[PDB]
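A lone chain, given as C-alpha cells: the form deposited in one PDB entry.
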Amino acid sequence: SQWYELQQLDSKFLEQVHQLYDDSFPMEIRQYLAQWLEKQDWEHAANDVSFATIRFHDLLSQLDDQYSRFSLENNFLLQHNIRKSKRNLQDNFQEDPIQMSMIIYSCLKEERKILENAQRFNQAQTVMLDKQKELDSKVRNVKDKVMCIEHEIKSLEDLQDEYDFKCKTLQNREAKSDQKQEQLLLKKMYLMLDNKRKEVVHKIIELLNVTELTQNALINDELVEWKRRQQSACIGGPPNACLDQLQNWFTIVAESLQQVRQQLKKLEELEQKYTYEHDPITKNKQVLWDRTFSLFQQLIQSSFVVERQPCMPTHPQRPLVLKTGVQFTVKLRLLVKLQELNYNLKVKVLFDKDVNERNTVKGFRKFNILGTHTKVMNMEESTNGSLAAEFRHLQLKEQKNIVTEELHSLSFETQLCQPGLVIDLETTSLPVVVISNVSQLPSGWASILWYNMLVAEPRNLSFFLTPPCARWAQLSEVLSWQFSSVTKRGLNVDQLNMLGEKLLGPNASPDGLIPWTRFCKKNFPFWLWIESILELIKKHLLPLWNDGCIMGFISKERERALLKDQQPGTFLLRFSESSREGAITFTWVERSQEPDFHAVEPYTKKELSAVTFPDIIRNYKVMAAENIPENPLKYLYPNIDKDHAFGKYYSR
C-alpha cells in the first residue's frame, strides 16, 4: 500500500509523515483502513455531498469491522483506540463529510509528494567508517594473540611436566659410566624448554607492544572524540553515539590484559618448578608484570566516565545549569565491565573538590551536596548491559550568610579492591553553573554555551577571565542548534546572515570572531535577546514558526530589499530587534499614487496572550489613504494569500 511504501523511507520523510496526522483524522485510521482509503475517490467526494456522505458511513462501517477484528485478538488497547477514533471522527464530520473528504484527499495527496520528493536518490548516485573498522581489527588482533599465547603456555607447561617426569624417572632407577652419557637425552630436553620459554616471552612482549599501541588510539582518539560529541550533544548538537562501541573495545582489551596477568602468574609457577641461569621467565618476570598492570590501570581509569552530565529533571532543556535547592542527577559508568567488578566499586560525589578558586578567586561562592553522596556501580540490562552508577537525589546548597558565571565541577571517586590489587578511579563532569533563581537560566546557559563551544577540557573553572572569541562559522551553528532543539526547525542561511552582521558588522565572514562580551555582555545583550525570542516562539508561535511561515531575521535593510517591487498586499513576519521582552512584527508594502513601507509596533506576549497572532494578522486594520479602514495584509512573502497561509491557525 502507499502506507507501507512510506514506512520504508529515511527518518527525514516519515518525520514529515508524522506532521500530517493530528486528532482531526487519527493516523490510527489512516493505517487500519489504508487499503480501503487509498482506494476511494476522495477528490470526487470532496465535491459532492451525497458521495461524501455515503463514503462517510462506509468509513464508519469499515471501523466497525476493524473493531471486531480486534475483539477476536482481544487487543484491548486498539479496541479502545479504534472506539475513540470512531467516536471522534463521528462527531467531527457527521455534519460535514465534505470536509472530512477534503482532509483525506489532501492527506493522501500530501503523502505522494513526500514519496516523489523522496526520490532524491538521484543525489545518491568512510570518514569514521574506516576508522571504526580498523580499531575492531587491532582489538580483535589483541584478543586472538592473547588466546594464542595462553595456548602455548599450556604446551609449555605440559612439556616441562613430562620432561620433569622423564628426568625423575631416570635418576630414580636401580661400564655404566659411558651409558650415563644419556644425560644428553636431558640436555636436549632442556634446550627445548629454554627455546619454548623464550618464545612465549617474545609473544607476550609483542602482544603488550601492540596492545599498548592499540590502547593509545582507543583512549586518545575514540574516547576523546566521543567526549567532545557528548558536549555538543548536550549543547543541542547531533545525537551522541552510545558507548556500546567503546564499551566493547575497552572491555575486550581489558579482558586480554587481565589474561596476560594470569599468564604471567602461570609462568612463575613454571619457574618455581624449574629455573636456571639465564632463564627468560626470570629475566622478563618483572618488566612484563609491570608493563601489564601499567596498561591495565590506565585502561580502567580511562573507562570511568560521566555518561549523563548533571541535569535537573525539571529543566531537562538546560543540562549543565544547576539551580540551588533543586534536585538533580548525574550518571557514571565504567566502559570496562567485568563480572569481577560488580558491586565492588563504591562511587562518591564531591563538589568543587581540588579547586583553586576556592582560595584563588575572591568571593568564589561555595556550595555543598545534600542527597545521597555514594552509589555502587551495578549492571543494568541494556542490549549489552553496562556497569554504572547513577545519582538521583542530589541537591545543591549555598553555604553563606566576575558575576554568576563562576564554574564549579562535580567529582566522582571510586576504587577497585582485589587480591593485592588496588586502583583508584576518579573523573569529573563538565563545568557547572550554580544559580539561585530561574531568571538566571538564560544567562547561565549562555556561559555553558560559550564554554563548551570553545573548550575541550573538563576542568579550568576559571574560563571566564579571558573568554576566548568565537568563529562565526561556529557560533552560527550553535545558534541554529538552540532553535533546532526547542522547535522542529533551526536557522537558515538568510536568518543566520542577518545575525552574522549584527555581530560582525557588514564584513561578515565565516572566520569572523566574536568576543564573549559581544554575546552575553544601553539595553540588554544578544543572547538574552535571542533567548527571549525562542521564549516567544515557544509559547506563542510554534506552528507558525515550524511551518516556516516566519522569516524572523531580516535586517530592515534587506527588509525593503525584497519588499521593494512586489505585490502591493505582500507582508513580512520578523522578530523585533528593539524589544527586551521578545516580540514579532510585520512589515508590508503599499502603492500610493516608489513603494511605501510600513511596520507595526511589535507584538509581545502581553498581547499574544490575549489574541492569537494569526487572528491579529487576520483582523488587523488600518486607515487607508482613502481614510477608510481595511487591513493591508494581503500576501505573505512569496505571494501567498493571507488566509491561504495562516488559514488553519485562525482561532475561528
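Each residue number is its position in the shown sequence, starting from 1. Rigid core (definition): largest C-alpha set, two forms, superposition within 1.5 Å.
**Student:** Is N401 unresolved, in the sense of carrying no coordinates, in at least a third of the other compared entries?
**Tutor:** Missing in at least a third of the others, so yes.
**Student:** Taking only the other compared entries that model residues on either side of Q593, decide whether it is unmodelled in at least a third of them.
**Tutor:** Missing in at least a third of the others, so yes.
**Student:** Please count the deposited residues lying between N401 and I402 that the model leaves without coordinates, and give the class: none, 1 to 3, 4 to 9, or 10 or more.
**Tutor:** Gap size class: 10 or more residues without coordinates, per the record.
**Student:** Using none, 1 to 3, 4 to 9 or 10 or more, say how many deposited residues go missing between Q593 and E594.
**Tutor:** Per the deposited record, the segment joining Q593 and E594 lacks coordinates for 1 to 3 residues.
**Student:** Is the mean CA B factor in the deposited entry higher across 332-340 or across 99-107?
**Tutor:** Looking at the record's C-alpha B-factors, the answer is 332-340.
**Student:** Comparing 491-499 with 114-122, where is the mean C-alpha B-factor higher?
**Tutor:** The recorded data point to 114-122.
**Student:** Highest recorded C-alpha temperature factor, please, choosing from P431, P442, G582, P419.
**Tutor:** Highest CA B-factor of the listed options: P419.
**Student:** Select one of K176, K84, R197, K538: the residue whose C-alpha shows the highest B-factor in the crystal structure entry.
**Tutor:** Reading the PDB entry, the winner on C-alpha B-factor is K176.
**Student:** Select lowest, middle or highest to describe the third in which the CA B-factor of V142 falls within its chain in this entry.
**Tutor:** It falls in the middle third of the chain.
**Student:** Split the chain's modelled residues into thirds by Cα B-factor; is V589 in the lowest, middle or highest one?
**Tutor:** Ranked within chain, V589 CA B lands in the highest tercile.
**Student:** In terms of the CA temperature factor given in the entry, to which third of its chain does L608 belong: lowest, middle or highest?
**Tutor:** For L608, the deposited C-alpha B-factor lands in the lowest third.
**Student:** Would the CA B-factor of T53 place it in the lowest, middle or highest third of its chain?
**Tutor:** Answer is lowest: the recorded C-alpha B-factor places it there.
**Student:** Please place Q40 in the lowest, middle or highest third of its chain according to the CA B-factor in the PDB entry.
**Tutor:** As the PDB entry reports it, the C-alpha B-factor of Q40 lands in the lowest third of its chain.
Omitted here: the form deposited in another entry. The next part is about that form.
**Student:** I want to check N384: does it shift between this form and the one not shown by 2 Å or more at the Cα, with the core superposed?
**Tutor:** Yes; that C-alpha moves by at least 2 Å between this form and the one not shown.
**Student:** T275: with the rigid core matched between this form and the one not shown, does its Cα shift 2 Å or more?
**Tutor:** After core superposition, the C-alpha of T275 moves less than 2 Å between this form and the one not shown.
**Student:** Does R291 show a Cα shift reaching 2 Å between this form and the one not shown after rigid-core superposition?
**Tutor:** No; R291 is a residue whose C-alpha shifts by less than 2 Å between this form and the one not shown when the cores are overlaid.
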